[PDB]
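Residue numbers (my numbering), protein chains in the order written: chain A, 20 to 143; chain B, 16 to 23.
No residue lacks a Cβ here, since even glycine has one placed at the ideal position from N, Cα and C.
In what follows, a single structure is set out as structure tokens and then discussed.
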């Protein structure tokens, strides 16, 4: 009982508040997210796979803000500060991740449970 | 929708 390797958890829905970090006048996190990583404009007639949008963290400023909040490499961010990113645009998303009204972005993300352990899994 | 990534 308790944890069974080989069985997909599909998507762990967890909330994580990741806060931008001090770089002088800059408050920023320094991790990277892909909204488009493996896609194109041509899917939007369907939104990729319906409401997909293809938003997924592809890196992290390690030992920094995101990951300490509870973020890691390979995470699908669905919303920030409670703002469903799926129906909104990447620039719109950019706005509410890094404006001057927060100090932190509260995320609705989807975990695989396969956190940082450097697993080289690459399939094209 | 399309390929665009960003650090923040």
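Inset, instruction - Between the Cα of residue 106 of chain A and those of A:138, A:69, A:140, spot the shortest distance and give me the residue it belongs to. - result: A:69
Legend entry - Reduced DSSP secondary structure (H/G/I, E/B, other) of residue 94 of chain A: strand
Inset, instruction - Assign residue 85 of chain A to buried or exposed, taking buried as 16 or more other Cβ atoms, counted over all protein chains shown, within 10 Å of its Cβ. - result: buried
Inset, instruction - Output, in chain order, the set of chain B residues within a Cβ distance shorter than 8 angstroms of residue 114 of chain A. - result: What residue 114 of chain A touches in chain B: nothing, since even the nearest Cβ is about 11 angstroms away.
Inset, instruction - State the Cα-Cα distance for the pair residue 65 of chain A and residue 35 of chain A, rounded to the nearest angstrom. - result: 28 angstroms
Legend entry - Residues of the stretch 38 to 60 of chain A whose Cβ lies closer than 8 angstroms to any Cβ of chain B, in chain order: 39, 47, 48, 49, 50, 51, 52, 53, 54, 55, 56, 57, 58, 59, 60
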